[PDB]
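Trainee: This is the structure, below, for whatever I ask next.
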Amino acid sequence: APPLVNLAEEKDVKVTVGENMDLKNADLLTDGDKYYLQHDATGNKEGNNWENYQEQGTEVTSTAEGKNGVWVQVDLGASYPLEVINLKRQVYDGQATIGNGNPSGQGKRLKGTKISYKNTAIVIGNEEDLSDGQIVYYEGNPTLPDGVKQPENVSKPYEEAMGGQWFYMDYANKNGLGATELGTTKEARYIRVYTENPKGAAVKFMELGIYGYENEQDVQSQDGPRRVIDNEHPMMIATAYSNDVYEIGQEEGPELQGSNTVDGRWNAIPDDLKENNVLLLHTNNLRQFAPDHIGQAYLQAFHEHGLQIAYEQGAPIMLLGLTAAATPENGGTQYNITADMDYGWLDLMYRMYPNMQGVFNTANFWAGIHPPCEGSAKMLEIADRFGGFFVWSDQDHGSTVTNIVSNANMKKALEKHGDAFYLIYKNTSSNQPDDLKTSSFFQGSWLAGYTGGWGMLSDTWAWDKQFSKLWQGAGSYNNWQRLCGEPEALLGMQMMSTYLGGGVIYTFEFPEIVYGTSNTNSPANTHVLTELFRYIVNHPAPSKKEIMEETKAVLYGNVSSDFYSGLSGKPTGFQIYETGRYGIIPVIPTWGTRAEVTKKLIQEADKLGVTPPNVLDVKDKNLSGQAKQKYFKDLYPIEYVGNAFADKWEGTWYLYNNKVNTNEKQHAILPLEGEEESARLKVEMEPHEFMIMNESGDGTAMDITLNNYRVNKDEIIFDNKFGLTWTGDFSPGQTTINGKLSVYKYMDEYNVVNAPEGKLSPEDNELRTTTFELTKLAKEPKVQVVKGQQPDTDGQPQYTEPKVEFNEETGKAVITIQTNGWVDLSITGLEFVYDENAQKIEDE
Ligand SMILES: CC(=O)N[C@@H]1[C@@H](O)[C@H](O[C@@H]2O[C@H](CO)[C@H](O)[C@H](O[C@H]3O[C@H](CO)[C@H](O)[C@H](O)[C@H]3NC(C)=O)[C@H]2O[C@@H]2O[C@@H](C)[C@@H](O)[C@@H](O)[C@@H]2O)[C@@H](CO)O[C@H]1O
Ligand SMILES: CC(=O)N[C@@H]1[C@@H](O)[C@H](O[C@@H]2O[C@H](CO)[C@H](O)[C@H](O[C@H]3O[C@H](CO)[C@H](O)[C@H](O)[C@H]3NC(C)=O)[C@H]2O[C@@H]2O[C@@H](C)[C@@H](O)[C@@H](O)[C@@H]2O)[C@@H](CO)O[C@H]1O
Ligand SMILES: [Ca+2]
Ligand SMILES: [Mg+2]
């Protein structure tokens, strides 16, 4: 029970009207129903047809000749601090037709004649006759109570809307229509609404919501940001997709994909990671294509129910604000019930639910550009007003940011609210090599100060575009099979590369694979995401200052996808690098001209007390095919030798094998700390492995964490040994397509961490070799397993004990270990001696 309530619903209200007015169905004014849906139990269809919009409400009819104006008054029974009023009257003159929307033949929109009421006013006070009345809203010339002055500024009529109209307690803020700071209240017992129907003596009041507090003590206040998102406070987002089943009034919380629940997903998060996690409520295909009355009812009911369950658990929430250009803005689609968003309702969710933090936008521009920018500009302002945030997820082929800023309203909203705005990549279209350019754009936007930060959405749909079985191409498998195919450790490699670039947001799909089903944690979540995210929570990423200090070159403009080849790495579609030598290579998109972006970057650098990096156009002669390698190699000295990825950040080495689906060993030769500069570690790894190494500093010891967790899908998914149905079709009496049910069944029965009787432990028992060669040493060093991933219930080990071989002649120690999972090693008793033959750390 949060402190802001609908007092009109909560209290035993009394409804009255004036002299020469008749009142019918007073109870409907405060019943919490704006839509009067009748077929919730059958998906809001009568047979195969969406239910018609039937407007019910409190009818007030003037019986005075020559005076069609009426009023209705609610007595809350006592005085309460009021913050928001929601007024809805009959929207349509006659009936709405369920008409064609966008796309044609699929999307439904109401069409008909909307009413523009006139002589509307809202007056509140503590006297039953409102002799002490305070004007909340005033349009036209309705006669106010004796003692109440006319306002100097009077409003003009508006068109009645599906969600009603929203009023606040500051008459100076757009004549009462302007959203106030949290906790802006006026005390009142009595709320009177004047209205004249342009046609006739009767007004139908569908709903009057009166939001306020039990007492002054409960009144809320804006107390800085709801969340900090930065290197010291990173954020993991998990998508909570509706399973597309919901009935207004249901007692149980909204069902999510894969038998998950909002509270169940929250309680699955390890306690020490909960403060760095959020849940994203996603309407998915819930009431997809529905006309306005059904779409808005379900968008609100689904999100409110989720928010309430999250509030009880202390779980912070983001809502999906916009996908597939499904916005109420002119030209929007109805691909999602986000098409029925009421900005006044979104404002109310921030006031009502202190755990409401953010809005998410993804995958719009395929379906339209300007309408989703118009919507995003409004929702970014709302989020920032309440100290919340806005996350935009997309891959940038070159036009994504340019499109965002091509919209005048979105450009202006970013100028004012940019610190609450975050861009994260989205590698779904892994076959288009824009992964590395997107990271550059999003890092550059943050670095120059256009945005609050950047991060990642790694999507296992990326596997589907290229690969199936381990080491193999996509072949002719069903896409739902290929979705299950991605190596778990590869998600950690992506998380490590985003971390090293000062990324602060981490998200993964498909959620039922990467996070889990049935309110359990998946193998990916248990053995990779929670393990590395804990590291990232406890070891801050580079700050903006730390990235700016280490950045020698910032690029401007539409960088070529393949620019990264010969520098940081060939774009794979999987958001990983061949080397950390050059970092991400920030590229500022066309937020402004090159000169404008340069002034912005210099001001940002100056605020941080750092030398501004040089800004080069992507077309600069230094950045040509033939010149870029010498140019970058001269700016950034080599830190290690080899074809594996390595980067040294804050005295720690970060490595991985960078082969996505080719079985090749790679190595990194690292110059080691301590008095003996000739000291070397050669690490050699097979694919799907990342490593964190932290030297004692004096040359005697090092700690190494490696993680190469990988489940084998070849037999259970691709050979389909359990005969799952992998198709995009529905079976009779199912609301979910067979391929998706097959993903859930795989995660529920065949791929279970700590598998109970009758379920299968993960196929993760085939081990792979890591070797460490240390030169040149006086004697054999000591290696031990400080801690290692333990068996599943099948009792099979995830690692073997490390073996050490020391050649006393060459002074080379070789440490060998076999793993599938994580191990923490400690190497001690190192005595390095001068090695005239040590690998030189220099370019070829
Ligand atoms: C032109 C183009 O291709 N546009 C891109 C879309 O195709 C992307 O949509 C996703 O496509 C997936 C296949 O690659 C898949 O169909 C997915 O829907 C299915 O999976 C999601 C989870 O990822 C949900 O479980 C859905 O319910 C499920 N569909 C069904 C019918 O069961 C698509 O993604 C969803 O739809 C888009 C529009 C967004 O709302 C996403 O957040 C959804 O998850 C799209 C996503 O990256 O990118 C476009 O550019
Ligand atoms: C008595 C007898 O012959 N024992 C058998 C073992 O030798 C088998 O182990 C595999 O042997 C292969 C050579 O004959 C090979 O070394 C293989 O490891 C290599 O391939 C795996 C494939 O994933 C990994 O890539 C390893 O990293 C790679 N090794 C190197 C040095 O690059 C061996 O399999 C591994 O080692 C065994 C002991 C187990 O730990 C497996 O989980 C590992 O994959 C063994 C399996 O075929 O069968 C015995 O009967
Ligand atoms: Ca195992
Ligand atoms: Mg009602």
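If you're wondering about the labels, chains in the structure tokens are A, B, ... by order shown, residues count from 1 in each chain, ligands from 1 in order shown.
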Please write out the residues within 9 Å of ligand 2 as number ranges by chain, counting only C-alpha atoms and all ligand atoms.
Mentor: A: 663, 665, 685-687, 765-771, 798-800, 816, 818-820
Trainee: Could you list, as a PyMOL selection string, all residues that come within 6 Å of ligand 1? Count only C-alpha atoms and all ligand atoms.
Mentor: chain A and resi 284+323-324+363+366+428+461+510
Trainee: Skipping near chain neighbours, those fewer than 3 positions away, what residues fall within 6 Å of residue 617 of chain A using only C-alpha atoms, listed as a PDB file with C-alpha atoms, in the first residue's frame?
Mentor:
ATOM      1  CA  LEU A 555      36.175  10.400 -34.061  1.00  0.00           C
ATOM      2  CA  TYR A 556      33.175  12.249 -35.550  1.00  0.00           C
ATOM      3  CA  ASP A 620      40.505  12.493 -41.848  1.00  0.00           C
TER       4      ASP A 620
END
Trainee: Taking only C-alpha atoms into account, which of A:90, A:476, A:61, A:131 comes nearest residue 114 of chain A?
Mentor: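 Closest candidate: A:90.
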Trainee: Mind checking which residues fall within 8 Å of residue 282 of chain A, counting only C-alpha atoms, ignoring those fewer than 5 positions away in the same chain, and posting them as a ChimeraX atom specification?
Mentor: /A:239-242,319-320
Trainee: Counting only C-alpha atoms and all ligand atoms, what residues are within 6 Å of ligand 3, given as a VMD selection string?
Mentor: chain A and resid 762 764 to 765 791 to 792 796 798
Trainee: May I have a table of the residues of chain A lying at most 10 Å from ligand 4, giving each one's closest pair of atoms and their distance in Å to one decimal, counting only C-alpha atoms and all ligand atoms, ordered by chain and ascending residue number, as a Markdown table?
Mentor:
| residue | atom | partner | partner_atom_place_in_ligand_line | distance |
| --- | --- | --- | --- | --- |
| A:9 | CA | ligand 4 | 1 (Mg) | 9.9 |
| A:25 | CA | ligand 4 | 1 (Mg) | 9.9 |
| A:26 | CA | ligand 4 | 1 (Mg) | 9.4 |
| A:27 | CA | ligand 4 | 1 (Mg) | 7.8 |
| A:28 | CA | ligand 4 | 1 (Mg) | 4.4 |
| A:29 | CA | ligand 4 | 1 (Mg) | 4.6 |
| A:30 | CA | ligand 4 | 1 (Mg) | 5.5 |
| A:31 | CA | ligand 4 | 1 (Mg) | 4.8 |
| A:32 | CA | ligand 4 | 1 (Mg) | 5.4 |
| A:33 | CA | ligand 4 | 1 (Mg) | 4.1 |
| A:34 | CA | ligand 4 | 1 (Mg) | 5.0 |
| A:35 | CA | ligand 4 | 1 (Mg) | 7.6 |
| A:36 | CA | ligand 4 | 1 (Mg) | 7.6 |
| A:55 | CA | ligand 4 | 1 (Mg) | 9.4 |
| A:56 | CA | ligand 4 | 1 (Mg) | 7.4 |
| A:57 | CA | ligand 4 | 1 (Mg) | 5.8 |
| A:58 | CA | ligand 4 | 1 (Mg) | 7.8 |
| A:87 | CA | ligand 4 | 1 (Mg) | 9.9 |
| A:88 | CA | ligand 4 | 1 (Mg) | 8.4 |
| A:89 | CA | ligand 4 | 1 (Mg) | 9.3 |
| A:205 | CA | ligand 4 | 1 (Mg) | 7.7 |
| A:206 | CA | ligand 4 | 1 (Mg) | 4.6 |
| A:207 | CA | ligand 4 | 1 (Mg) | 4.0 |
| A:208 | CA | ligand 4 | 1 (Mg) | 7.3 |
| A:209 | CA | ligand 4 | 1 (Mg) | 8.8 |
Trainee: Any chance you could export the current selection's C-alpha atoms as an mmCIF file, in the first residue's frame?
Mentor:
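New file selection10.cif:
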data_model
loop_
_atom_site.group_PDB
_atom_site.id
_atom_site.type_symbol
_atom_site.label_atom_id
_atom_site.label_comp_id
_atom_site.auth_asym_id
_atom_site.auth_seq_id
_atom_site.Cartn_x
_atom_site.Cartn_y
_atom_site.Cartn_z
ATOM 1 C CA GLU A 9 -12.026 4.977 -4.476
ATOM 2 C CA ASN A 25 -25.591 6.138 -11.125
ATOM 3 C CA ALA A 26 -23.436 8.222 -8.715
ATOM 4 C CA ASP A 27 -21.388 5.082 -7.814
ATOM 5 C CA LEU A 28 -19.820 4.849 -11.333
ATOM 6 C CA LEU A 29 -17.955 8.201 -10.836
ATOM 7 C CA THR A 30 -15.497 6.613 -8.320
ATOM 8 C CA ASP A 31 -15.430 2.903 -9.289
ATOM 9 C CA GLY A 32 -11.895 2.887 -10.786
ATOM 10 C CA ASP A 33 -13.334 2.014 -14.241
ATOM 11 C CA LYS A 34 -12.762 4.389 -17.229
ATOM 12 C CA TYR A 35 -13.474 1.736 -19.908
ATOM 13 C CA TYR A 36 -16.467 -0.523 -18.863
ATOM 14 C CA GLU A 55 -19.391 4.343 -22.339
ATOM 15 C CA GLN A 56 -21.091 4.161 -18.906
ATOM 16 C CA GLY A 57 -20.961 6.684 -16.116
ATOM 17 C CA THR A 58 -22.632 9.066 -13.703
ATOM 18 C CA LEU A 87 -11.473 13.598 -15.044
ATOM 19 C CA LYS A 88 -13.033 11.481 -17.811
ATOM 20 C CA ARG A 89 -16.381 12.154 -19.453
ATOM 21 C CA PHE A 205 -18.949 11.622 -16.010
ATOM 22 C CA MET A 206 -17.164 8.237 -16.499
ATOM 23 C CA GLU A 207 -14.534 8.673 -13.741
ATOM 24 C CA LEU A 208 -13.200 11.247 -11.272
ATOM 25 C CA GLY A 209 -9.949 10.037 -9.684
#
Trainee: Mind dumping a table of every segment 426-530 of chain A residue within 12 Å of segment 217-231 of chain A, with the nearest atom pair and its distance in Å to one decimal, using only C-alpha atoms, sorted by chain and rising number, as JSON lines?
Mentor:
{"residue": "A:446", "atom": "CA", "partner": "A:230", "partner_atom": "CA", "distance": 11.2}
{"residue": "A:451", "atom": "CA", "partner": "A:229", "partner_atom": "CA", "distance": 11.7}
{"residue": "A:452", "atom": "CA", "partner": "A:229", "partner_atom": "CA", "distance": 8.1}
{"residue": "A:453", "atom": "CA", "partner": "A:230", "partner_atom": "CA", "distance": 7.2}
{"residue": "A:454", "atom": "CA", "partner": "A:230", "partner_atom": "CA", "distance": 9.3}
{"residue": "A:455", "atom": "CA", "partner": "A:230", "partner_atom": "CA", "distance": 10.3}
{"residue": "A:498", "atom": "CA", "partner": "A:231", "partner_atom": "CA", "distance": 11.1}
{"residue": "A:499", "atom": "CA", "partner": "A:231", "partner_atom": "CA", "distance": 8.4}
{"residue": "A:500", "atom": "CA", "partner": "A:231", "partner_atom": "CA", "distance": 10.2}
{"residue": "A:501", "atom": "CA", "partner": "A:231", "partner_atom": "CA", "distance": 10.2}
{"residue": "A:502", "atom": "CA", "partner": "A:231", "partner_atom": "CA", "distance": 6.5}
{"residue": "A:503", "atom": "CA", "partner": "A:231", "partner_atom": "CA", "distance": 7.4}
{"residue": "A:504", "atom": "CA", "partner": "A:230", "partner_atom": "CA", "distance": 5.5}
{"residue": "A:505", "atom": "CA", "partner": "A:229", "partner_atom": "CA", "distance": 7.6}
{"residue": "A:506", "atom": "CA", "partner": "A:229", "partner_atom": "CA", "distance": 11.0}
Trainee: Can you spit out the residues from that selection as an mmCIF file, in the first residue's frame, using N, CA and C atoms?
Mentor:
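The result, stored in again-v8.cif:
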data_model
loop_
_atom_site.group_PDB
_atom_site.id
_atom_site.type_symbol
_atom_site.label_atom_id
_atom_site.label_comp_id
_atom_site.auth_asym_id
_atom_site.auth_seq_id
_atom_site.Cartn_x
_atom_site.Cartn_y
_atom_site.Cartn_z
ATOM 1 N N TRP A 446 28.094 9.660 -24.634
ATOM 2 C CA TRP A 446 28.257 9.808 -23.163
ATOM 3 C C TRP A 446 29.489 10.671 -22.888
ATOM 4 N N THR A 451 24.605 12.336 -23.224
ATOM 5 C CA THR A 451 23.840 11.293 -22.520
ATOM 6 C C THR A 451 24.470 11.020 -21.151
ATOM 7 N N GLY A 452 23.742 10.298 -20.309
ATOM 8 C CA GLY A 452 24.139 9.972 -18.933
ATOM 9 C C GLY A 452 25.031 8.736 -18.875
ATOM 10 N N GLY A 453 25.110 7.958 -19.952
ATOM 11 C CA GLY A 453 25.891 6.701 -19.953
ATOM 12 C C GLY A 453 25.512 5.786 -21.083
ATOM 13 N N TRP A 454 26.201 4.651 -21.173
ATOM 14 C CA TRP A 454 25.986 3.657 -22.243
ATOM 15 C C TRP A 454 26.052 2.270 -21.630
ATOM 16 N N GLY A 455 25.652 1.282 -22.394
ATOM 17 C CA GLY A 455 25.801 -0.122 -21.994
ATOM 18 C C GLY A 455 25.326 -1.036 -23.074
ATOM 19 N N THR A 498 32.194 -4.314 -22.388
ATOM 20 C CA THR A 498 31.333 -3.152 -22.049
ATOM 21 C C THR A 498 31.905 -2.504 -20.774
ATOM 22 N N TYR A 499 32.197 -3.301 -19.753
ATOM 23 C CA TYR A 499 32.812 -2.822 -18.483
ATOM 24 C C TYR A 499 34.075 -2.007 -18.772
ATOM 25 N N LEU A 500 34.971 -2.542 -19.598
ATOM 26 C CA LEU A 500 36.283 -1.905 -19.819
ATOM 27 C C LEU A 500 36.140 -0.576 -20.560
ATOM 28 N N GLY A 501 35.021 -0.386 -21.250
ATOM 29 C CA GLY A 501 34.713 0.861 -21.952
ATOM 30 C C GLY A 501 33.872 1.804 -21.103
ATOM 31 N N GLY A 502 33.720 1.513 -19.818
ATOM 32 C CA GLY A 502 32.961 2.405 -18.914
ATOM 33 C C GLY A 502 31.467 2.299 -19.151
ATOM 34 N N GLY A 503 30.986 1.205 -19.766
ATOM 35 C CA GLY A 503 29.541 0.899 -19.826
ATOM 36 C C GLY A 503 29.004 0.600 -18.428
ATOM 37 N N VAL A 504 27.732 0.912 -18.159
ATOM 38 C CA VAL A 504 27.181 0.853 -16.769
ATOM 39 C C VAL A 504 25.816 0.162 -16.753
ATOM 40 N N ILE A 505 25.305 -0.224 -17.910
ATOM 41 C CA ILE A 505 24.007 -0.943 -18.013
ATOM 42 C C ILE A 505 24.234 -2.260 -18.745
ATOM 43 N N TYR A 506 23.656 -3.322 -18.196
ATOM 44 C CA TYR A 506 23.837 -4.706 -18.669
ATOM 45 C C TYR A 506 22.465 -5.331 -18.781
#
Trainee: Kindly indicate which residue among A:524, A:447, A:191, A:262 lies nearest to residue 709 of chain A, using only C-alpha atoms for the distances.
Mentor: A:524
Trainee: Enumerate the residues of segment 453-494 of chain A with a DSSP assignment of strand (DSSP E or B), computed from the backbone, and present them as a list in words.
Mentor: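 Going through segment 453-494 of chain A, the strand (DSSP E or B) residues come out as residues 453, 454, 455, 456, 457, 458, 459, 467 and 473 of chain A.
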Trainee: Atom CA of residue 545 of chain A to atom CA of residue 616 of chain A: how many Å, to one decimal?
Mentor: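 Calculated distance between atom CA of residue 545 of chain A and atom CA of residue 616 of chain A is 20.0 Å.
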Trainee: Just list the residues in segment 385-489 of chain A DSSP gives helix (DSSP H, G or I) on the backbone, as a ChimeraX atom specification.
Mentor: /A:385,400-406,408-420,435-447,461-464,479-482,488-489
Trainee: Can you measure atom CA of residue 152 of chain A to atom CA of residue 167 of chain A for me? One decimal in Å is fine.
Mentor: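 If I compute the distance from atom CA of residue 152 of chain A to atom CA of residue 167 of chain A, I get 17.8 Å.
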Trainee: Residues at most 12 Å from residue 601 of chain A, counting only C-alpha atoms, excluding those fewer than 3 positions away in the same chain, as a PyMOL selection string?
Mentor: chain A and resi 444-450+544-545+548+551+553-556+586-588+591-592+594-598+604-608+610-615
Trainee: With a distance cut-off of 10 Å and only C-alpha atoms, select the neighbouring residues of segment 644-656 of chain A, excluding the residue or stretch itself and same-chain residues fewer than 6 positions from it, and output the selection as a PyMOL selection string.
Mentor: chain A and resi 489-490+492-494+496-497+500+539-542+546+568-569+576-583+665-670+673+683-697+703-708
Trainee: With C-alpha atoms retained, export the selected residues as a compact mmCIF listing (two decimals), in the first residue's frame.
Mentor:
# COMPACT_ATOMS: atom_id res chain seq x y z
CA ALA A 489 30.87 -17.57 -21.34
CA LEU A 490 30.44 -15.41 -24.50
CA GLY A 492 30.54 -12.68 -19.91
CA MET A 493 33.10 -11.75 -22.61
CA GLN A 494 30.54 -9.14 -23.83
CA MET A 496 33.76 -7.59 -19.70
CA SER A 497 34.23 -5.53 -22.94
CA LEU A 500 36.28 -1.91 -19.82
CA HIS A 539 35.27 -3.28 -8.84
CA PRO A 540 34.14 -0.02 -10.46
CA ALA A 541 34.48 0.38 -14.23
CA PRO A 542 36.48 3.35 -15.54
CA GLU A 546 39.23 7.75 -16.52
CA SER A 568 40.54 -3.28 -32.16
CA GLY A 569 39.08 -6.20 -34.16
CA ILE A 576 33.85 -8.39 -28.67
CA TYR A 577 37.35 -7.20 -29.62
CA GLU A 578 40.67 -8.77 -30.73
CA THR A 579 42.62 -6.31 -28.43
CA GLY A 580 41.96 -3.72 -25.68
CA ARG A 581 44.91 -1.64 -26.94
CA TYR A 582 42.70 1.13 -28.42
CA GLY A 583 39.70 0.78 -26.09
CA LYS A 665 43.55 -21.50 -29.29
CA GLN A 666 44.78 -17.92 -28.75
CA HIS A 667 47.48 -16.54 -26.43
CA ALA A 668 48.48 -13.35 -24.63
CA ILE A 669 52.08 -12.68 -23.46
CA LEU A 670 51.99 -10.22 -20.52
CA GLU A 673 55.08 -6.44 -12.34
CA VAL A 683 48.21 -17.43 -21.23
CA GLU A 684 46.71 -19.81 -23.84
CA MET A 685 42.91 -20.27 -23.97
CA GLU A 686 40.42 -22.15 -26.19
CA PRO A 687 37.23 -20.30 -27.18
CA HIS A 688 34.45 -19.17 -24.86
CA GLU A 689 36.69 -18.20 -21.92
CA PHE A 690 37.38 -14.95 -20.04
CA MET A 691 40.00 -14.30 -17.37
CA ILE A 692 40.73 -11.69 -14.65
CA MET A 693 44.38 -11.67 -13.35
CA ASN A 694 45.67 -9.47 -10.44
CA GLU A 695 49.43 -9.65 -9.61
CA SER A 696 50.55 -9.19 -5.94
CA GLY A 697 52.68 -6.35 -7.45
CA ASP A 703 45.48 -14.44 -8.51
CA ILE A 704 43.65 -15.60 -11.65
CA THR A 705 39.87 -16.06 -12.11
CA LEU A 706 38.97 -17.89 -15.31
CA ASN A 707 35.47 -18.75 -16.52
CA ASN A 708 34.82 -20.79 -19.66
Trainee: Could you check which of A:249, A:511, A:521, A:469 is closest to residue 280 of chain A, using only C-alpha atoms?
Mentor: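 Smallest distance to residue 280 of chain A is found for A:511.
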Trainee: If I take atom CA of residue 633 of chain A and atom CA of residue 573 of chain A, how far is one from the other in Å, to one decimal?
Mentor: 24.4 Å
Trainee: Can you work out which one of A:570, A:552, A:24, A:465 has the shortest atom-to-atom distance to residue 429 of chain A, counting only C-alpha atoms?
Mentor: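 That would be A:465, the residue with the smallest distance to residue 429 of chain A.
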Trainee: Near residue 736 of chain A, counting only C-alpha atoms, which residues have an atom at most 12 Å away, once you skip same-chain residues fewer than 6 positions from it, shown as a VMD selection string?
Mentor: chain A and resid 242 to 245 256 to 259 284 to 286 727 to 730 742 to 744
